[PDB]
């Protein structure tokens, strides 16, 4: 319904700042790319833009479709997951970051991904790097979400596998060996 960063209403925007976030309410499809850069939480001193309130990211909970790629390089320190995208389902990825990645979660303090509704990733690779607190990512079977032969996943430089098992942050006994987006029995992809 609405465009993405760099297209249309976001012609001269590099990320989702406190100026253009108000245009995503009741939007179900993004016709472009979504950039979540660190400028959204440290603010912009040049434009006097304050940090986006961490309770304001719940506006994107109506999003279900992204034609381009989703680039997440920042997240509020108060939120442990990404359930602001708990209803996002499809990332087509006709346009990619450097022509390779359609989903990038880089250096976040999140404890879980929480992309529970994400069922399809049409085209593009998925890189998950630099997240010191993240879990559940290495258990997700990304072959279910893929649609193009050869889509790769880089789960690198993140929290150790035995580190998540030490805190009991694994998938529930009530779901398949396909993975989970969190500890709750609802985050499980299949059962």
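Numbering follows the first chain given and starts at 1.
In this entry, the higher average B-factor at the C-alpha atoms falls on 59-67, of the pair 122-130 and 59-67. Two stretches are in play, 158-166 and 43-51, and the higher mean C-alpha B-factor belongs to 43-51. Ranked against the other modelled residues of its chain, the C-alpha B-factor of residue 138 as given in the entry falls in the lowest third.
Among the modelled residues of its chain, residue 148 has a C-alpha B-factor that falls in the middle third, as given in the PDB entry. When the CA B factors of the chain's modelled residues are split into thirds, the value for residue 80 lands in the middle one. In this PDB entry, residue 98 carries a Cα temperature factor that places it within the lowest third of its chain's modelled residues.
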